[PDB]
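A.B. asks: build the 3D model from these lines:
(2 chains, ligands or ions: 1)
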Amino acid sequence: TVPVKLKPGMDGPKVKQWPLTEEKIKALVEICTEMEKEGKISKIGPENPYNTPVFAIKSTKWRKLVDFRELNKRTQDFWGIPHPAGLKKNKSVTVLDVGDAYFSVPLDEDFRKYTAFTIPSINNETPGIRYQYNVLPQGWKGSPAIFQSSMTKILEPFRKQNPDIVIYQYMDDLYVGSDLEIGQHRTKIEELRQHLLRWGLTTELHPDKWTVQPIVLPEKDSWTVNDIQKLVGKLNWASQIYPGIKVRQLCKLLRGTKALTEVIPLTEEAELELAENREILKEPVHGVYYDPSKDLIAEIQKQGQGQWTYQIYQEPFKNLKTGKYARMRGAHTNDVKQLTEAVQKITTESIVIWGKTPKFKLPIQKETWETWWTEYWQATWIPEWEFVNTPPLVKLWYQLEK
Amino acid sequence: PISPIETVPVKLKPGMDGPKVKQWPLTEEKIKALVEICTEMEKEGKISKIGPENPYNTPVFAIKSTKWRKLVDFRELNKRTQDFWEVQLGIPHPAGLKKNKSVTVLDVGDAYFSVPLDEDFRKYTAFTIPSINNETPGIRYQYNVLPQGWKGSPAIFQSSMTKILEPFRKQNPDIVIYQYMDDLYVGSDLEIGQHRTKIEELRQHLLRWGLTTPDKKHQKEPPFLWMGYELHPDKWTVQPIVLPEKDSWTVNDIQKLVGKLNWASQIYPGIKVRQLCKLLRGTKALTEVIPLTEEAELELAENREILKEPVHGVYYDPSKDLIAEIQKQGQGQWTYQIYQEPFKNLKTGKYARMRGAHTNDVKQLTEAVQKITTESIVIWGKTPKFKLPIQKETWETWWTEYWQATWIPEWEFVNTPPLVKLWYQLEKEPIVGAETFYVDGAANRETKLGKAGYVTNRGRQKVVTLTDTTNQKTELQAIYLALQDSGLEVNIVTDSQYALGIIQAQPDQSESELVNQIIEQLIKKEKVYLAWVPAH
Ligand SMILES: Cc1cc(S(N)(=O)=O)ccc1NC(=O)COc1ccc(Cl)cc1C(=O)c1cc(Cl)cc(C#N)c1
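C.D. replies: Numbering: from 1, shown residues only, chains lettered A, B, ... in the order given. The structure is reproduced below:
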């Protein structure tokens, strides 16, 4: 075992366990009695005051999902593999779960305490069941790192055999990228799983298709005072990104106090202005480049009717990427599901593109989100998030996307 | 007979050191009692007489069977001990107890003193018995077991217990043992005699580890007294809450009262404390005597009558449905009852009017649902099917269009008035023909002087000069004018970033009178179309 430590002066996580369902507790209890036996985890005493949250996600088979977000932050660094720029340009990338790989390697006995976690009980009819990892834990940043030599090794043979195929490791995940056609691709992935499987491992993005979508402005036979106002508003706000966007000629048409419903005729100068503004918006703002030393920020607005809009940026109005996400079959009566779904999606894109997860600003109240985000979580990692109050215009502007 | 229980590794906080506080001086009497006690505890094996090889010290005290007892103040040692995983802070709510044929309560007794101290750590617990009136060298000891009052005792004890029971719970899957502080509430569905025997088994399992326990000699008999509750074999009920009648009510008095009444509101239907609370206005001291108004004297009466009602509940049966029903008792106030079979309530409660900056009933309904859900998840590990006084149409129409992620788990409509609705809906498009007010307000934030008028396409005009206003009241006041001064159909355009707010959230209750006034107005119109245009 390699000695690991917490970053200077940082103490261990002491996050509280959120209450779980009976359904979920019985599952964690099962999974944990197993792992206990196999020596992967051991019950612990009260002298260990640390703690991390644990939950169960979805076969009928339930998986254990620990949230080491705090311990990850408190965990020393190790200066992972450099992001492969081409991954983004592949025709198809597959994600495989190699968290099972860690259970092999032991965890520096001195660090264990910090991995303590608790399985709660309905009605507090009992204290929780406490454990701490004896081996590398899935979801801990120091796991894939500490297993890096061992990982590369097991990987080479497959890379050389197929050097037109790229493989990138983020936490427990393996993103495999090629240009082969679907069938030749997937069959070749299984050729990779099989390869992985003869040690102890186990289990469909199209990056080149993710298009950068522009803002399209409304087109009308006739324009009313209202139409022009709304338009002049979107443009105004937008002048914050593209400063060449002008609303003088338009804002002129609006002089006077006439019924919103009245039709205004468009002056030729006004028409150019619009035309000129459609031209400016035809491409993303220039001068936006990714800086690896800065955080990634992912903001989302609920467009309603199951549509969602998002922007990944580091500097306000200097967007790295933007998108919309329309609800998936089945989530009709569920905002929470579409959101967690959108988040997982956006977060994977970010991993694919820059090899790091973005920090999220979510338009949902903390209680609602904390009470139900698990029910639909499906990834091994967990981004960082904060709850916010959607400014009505950033929304209005992006619903204007093509 | 203490314990063959493996000790727990206790260490002192980051790099600190054991206590060294000087022994408080005591009388020959008090001293002679402490000597007595410690001599007993010396033999029970609880403490050990030590010597000069201990710089550590904690102050012992003598307090009064009126017989002399002792008290060691570990305040220091505690603030210098490591931190432990916090012992269970959440307490079971009867409604979450599965009805069992028999239940036994076993308080573990000589709890702490019965469990081993980490032998390393004992030194830190050394205290000293003073000599006759502060003249030199008295008796010195240290603890061999969890000391009463030391920081880790509870957590250490809880653990040891949990460990000792792992086997039993393993071999008796259909037996249920709740753990709470030093108590074991043991319940099963065996037969009165089978049960009785299994309890004696447990008891004997524990004794074989150092934990004495009750016999039918001392061991509580139902109903069980437990936090404002009475636990009967087939129902729980609330223990009588008595409002003392007096002719002199201090501020302290009326507060403690208002408090017991507020707690009562959760269980009893109809409690009210409006006129009571009214008595607190302007009070100059807790001891102040404030004469009860008539209104006050009356509600207090009515409460005395509500309170003498037999509210009771049932226990949880895992095989039946969980159902929570909500009622809106006044703006922002909600009542709920959670049951399985009709009228047979498992739990009830209400949520106080959450006076916000600005919300609407559907939002608050939503929040009461959130609270109930978490409460339920905790208590039963499940989430209720809901019965809500709201039409699925209103819900869909609201949620489906609210800027924020929202949600209600599975629920069904129930028409139990009043119903929660949307007090108004702003128009989706400008209203043809309907007047078009162009509103505005500007106020010297510094002078708090302003005006807020409008000019419609139709000629009608106005402006008012206002005293005491930050542009935000003008703006809103602007809009307010435009609302009163128009027909049941209007189009109002503004530059107010705050009005844009209303647009996206159409609130039906706020902190500010203004917003209220406007809201009132919005509800009166048949159609309103609010529009925002950039300022300048
Ligand atoms: C009250 C009662 C009496 C009897 S009998 N027939 O033995 O008198 C049988 C079951 C029950 N109870 C039930 O059916 C449901 O309740 C329970 C179901 C299981 C268990 Cl282990 C305890 C209780 C309790 O009554 C209880 C719970 C706590 Cl947290 C504290 C105290 C406390 N203090 C008592």
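A.B. asks: so what would you say the end-to-end distance of stretch A:1-9 is?
C.D. replies: Taking C-alpha to C-alpha, to the nearest Å, stretch A:1-9 runs 23 Å from one end to the other.
A.B. asks: only the buried residues of it, if you could.
C.D. replies: A:4, A:6 (16 or more other C-beta atoms under 10 Å in any protein chain shown). C-beta coordinates here come from the backbone N, C-alpha and C atoms, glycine included.
A.B. asks: next, see if it gets close to chain B.
C.D. replies: No: contact between stretch A:1-9 and chain B is absent, the nearest approach being 10.7 Å (criterion: C-beta under 8 Å from any C-beta of the partner chain).
A.B. asks: so which bits of the stretch 51-200 of chain B are right by the ligand?
C.D. replies: Listed as neighbours of the ligand in the stretch 51-200 of chain B under the rule C-beta under 6 Å from any ligand atom: B:92, B:97-100, B:102-103, B:105, B:176, B:178, B:180, B:185-187.
A.B. asks: hmm, I typed the wrong one, I wanted chain B.
C.D. replies: Within chain B, the positions near the ligand by C-beta under 6 Å from any ligand atom are B:92, B:97-100, B:102-103, B:105, B:176, B:178, B:180, B:185-187, B:222, B:224, B:226, B:231-233, B:315.
A.B. asks: now the helices for chain A?
C.D. replies: According to DSSP state H, chain A carries its helices in the segments A:22-37, A:69-74, A:142-146, A:148-161, A:182-197, A:225-238, A:248-253, A:268-281, A:335-354, A:366-372, A:392-398.
A.B. asks: want to throw those into CSV with mean neighbour count?
C.D. replies: Below are the helices of chain A laid out as CSV (neighbours: other C-beta atoms under 10 Å in any protein chain shown):
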stretch, mean neighbour count
helix A:22-37, 16
helix A:69-74, 19
helix A:142-146, 23
helix A:148-161, 13
helix A:182-197, 15
helix A:225-238, 20
helix A:248-253, 17
helix A:268-281, 16
helix A:335-354, 21
helix A:366-372, 18
helix A:392-398, 19
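A.B. asks: got the contact list for the residue in the stretch 251-400 of chain B positioned nearest to the ligand?
C.D. replies: With C-beta to the nearest ligand atom as the measure, residue B:315 is the residue of the stretch 251-400 of chain B nearest to the ligand, at 4.3 Å. For residue B:315, the contacting residues are B:94, B:95, B:97, B:98, B:99, B:234, B:235, B:236, B:346, by C-beta atoms under 8 Å, 6 or more residues apart in numbering or on different chains.
A.B. asks: ditto for residue A:197
C.D. replies: Residues near residue A:197 by C-beta under 8 Å, 6+ apart: none.
A.B. asks: relative to residue A:340, how far out is the residue of the stretch 301-402 of chain A found nearest the ligand?
C.D. replies: Of the residues in the stretch 301-402 of chain A, the one nearest the ligand is residue A:371, at a distance of 25.1 Å by C-beta to the nearest ligand atom. Taking C-beta to C-beta, to the nearest Å as the measure, residue A:371 falls 12 Å from residue A:340.
A.B. asks: the residues of the stretch 51-200 of chain B next to the ligand: which ones sit near chain A?
C.D. replies: Among those, the ones lying near chain A by C-beta under 8 Å from any C-beta are B:92, B:97, B:176, B:178.
A.B. asks: so residue A:258 touches residue B:456, yeah?
C.D. replies: No: between residue A:258 and residue B:456 no contact is recorded; they are 10.1 Å apart, counting by C-beta atoms under 8 Å.
A.B. asks: what about those two, which has more around it?
C.D. replies: More neighbours surround residue B:456 than the other of residue A:258 and residue B:456, with 21 against 15 (other C-beta atoms under 10 Å in any protein chain shown).
A.B. asks: my guess is that one meets residue A:257, correct?
C.D. replies: Yes: under the criterion of C-beta under 8 Å, residue B:456 lies in contact with residue A:257, with a separation of 6.7 Å.
A.B. asks: which neighbours do the two have in common?
C.D. replies: Contact with both residue B:456 and residue A:257 is made by residues B:436, B:438, according to C-beta under 8 Å, 6+ apart.
A.B. asks: any idea which residue sits dead centre in chain A?
C.D. replies: In chain A, the C-alpha closest to the average C-alpha coordinate belongs to residue A:347, at a distance of 1.9 Å (C-alpha atoms, centre = their mean).
A.B. asks: tell me how many other residues crowd residue 112.
C.D. replies: Using chain A here. By the other C-beta under 10 Å criterion, the neighbourhood of residue A:112 contains 20 residues.
A.B. asks: other chain: chain B
C.D. replies: A count of neighbours around residue B:112, defined by other C-beta under 10 Å, yields 20.
A.B. asks: surely it and residue B:157 touch.
C.D. replies: Yes: in this structure, residue B:112 sits in contact with residue B:157. The criterion is C-beta under 8 Å, and the distance is 5.8 Å.
A.B. asks: how about the contacts made by the residue lying closest to residue B:268 once chain neighbours are set aside?
C.D. replies: What sits nearest to residue B:268 in space, not counting adjacent residues and going by C-beta to C-beta, 6 or more residues apart in numbering or on different chains, is residue B:306, at 5.2 Å. Taking C-beta under 8 Å, 6+ apart as the contact definition, residue B:306 lies against B:268, B:269, B:270, B:271.
A.B. asks: my guess is residue B:358 meets residue B:507, correct?
C.D. replies: Yes: applying C-beta under 8 Å as the test, residue B:358 and residue B:507 come out as touching, 4.2 Å apart.
A.B. asks: kindly export stretch A:170-185 (C-alpha atoms) in CSV.
C.D. replies: Extracted as CSV, the C-alpha positions of stretch A:170-185 are listed here (Å, rounded to 0.1, in the frame of the first residue of the first chain):
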residue,chain,number,x,y,z
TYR,A,170,-12.1,9.4,-15.4
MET,A,171,-12.6,8.0,-11.9
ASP,A,172,-14.2,4.6,-12.1
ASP,A,173,-15.0,5.2,-15.8
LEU,A,174,-13.3,4.2,-19.0
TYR,A,175,-14.2,6.2,-22.1
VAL,A,176,-13.3,4.2,-25.2
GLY,A,177,-13.2,6.1,-28.5
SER,A,178,-13.0,4.9,-32.1
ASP,A,179,-14.2,5.7,-35.6
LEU,A,180,-15.3,2.2,-36.6
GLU,A,181,-18.9,1.7,-37.7
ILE,A,182,-21.4,0.9,-34.9
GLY,A,183,-21.1,-2.9,-35.2
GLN,A,184,-17.4,-3.0,-35.7
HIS,A,185,-17.1,-0.6,-32.9
